[PDB]
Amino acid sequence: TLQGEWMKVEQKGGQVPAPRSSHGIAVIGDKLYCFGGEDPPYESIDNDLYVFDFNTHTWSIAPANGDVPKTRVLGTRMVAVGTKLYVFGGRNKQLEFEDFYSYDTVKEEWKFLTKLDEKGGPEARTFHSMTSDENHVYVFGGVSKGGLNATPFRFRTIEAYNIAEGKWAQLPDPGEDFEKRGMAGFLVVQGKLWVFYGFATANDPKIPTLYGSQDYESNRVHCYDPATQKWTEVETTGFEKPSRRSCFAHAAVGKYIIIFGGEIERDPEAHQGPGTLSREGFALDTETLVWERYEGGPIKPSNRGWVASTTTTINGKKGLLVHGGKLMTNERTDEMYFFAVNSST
């Protein structure tokens, strides 16, 4: 049902960002924005805001005006609403977390919005997921951390920033039966918030450890309806339902949740090695609840995860944009791919 074409996005040159994983991207108009990243493992890279122009196929660095982000971070995320970008969380090797900032793409300046990790306010998070709608920025999951030898934990909550009010609130807690997760899929689809798959903390002491930890790849799917503020678990089906996985590319196009790649087996040494990464794309029809693989012609992106992804439109087609990530060689990549959807959604 979901048909389309994979494309490798040409990058002609300019101030090209070093290869990275664990970073955030978003598009406003004809420009791609890029912030944060990891390379080598556990190491952040820079704090420039990179800008890719889809008309010129070249890179630049956005003017560092206003309240410039204080930390070079990995595990950070970025979304677009209107003409503003929003960056939340991530951390460096020294456990300094990025706070909440907006960037006005028109005036080309940063604004500090929220100090993170204060009592009663949104927490510092890294390897969280983010999405957005007309008047909200949403943050799901990811992992907290005290000090170096602390036992960091995951969130199962959503923090919601009302742009109009300039205020954070936590959405209803889905409760103990809902897995706390980092690097989960998180998207707005036809007016509702969807949480799917990801890397879970166990809520069952009976689940055995792997490499000294119970942590495992989720395959569960939930949706949150702002209209009712209620959570529901969604039973999804299909011969081609994807195996458990995390840190995958994902975007929403109409009724479809579209994913590509991701970690399908844990690395023995956490984020040190690449574990096992998928080279396959799956899409969930949120109406039929059926999963299917998708294919995109002769261009087939190689195994990768920890990519940055977002929804955008290129040459008149909405689809899934994939940038960076780590490869099975354990190297980071600067490659950018776009899956252009051709069929109705």
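Numbering starts at 1 and runs along the sequence shown.
The stretch with the higher mean CA B factor, choosing between 185-193 and 112-120, is 112-120.
Of the two stretches examined, 209-217 and 168-176, the record assigns the greater average C-alpha temperature factor to 168-176. Remark: of 126, 157, 203, 246, 203 shows the highest value [criterion: C-alpha B-factor in the PDB entry]. As recorded in the PDB entry, 29 shows the highest C-alpha B-factor of the residues 297, 316, 40, 29. Remark: residue 271 belongs to the highest third of its chain, ranked by C-alpha B-factor as recorded. The deposited CA B-factor of residue 293 belongs to the middle third of values across its chain. Among all modelled residues in its chain, residue 9 ranks in the highest third by Cα B-factor. Per the deposited record, the Cα B-factor of residue 69 falls in the highest third when ranked against the other modelled residues of its chain. In the deposited entry, the Cα temperature factor of residue 63 places it in the highest third of its chain's modelled residues.
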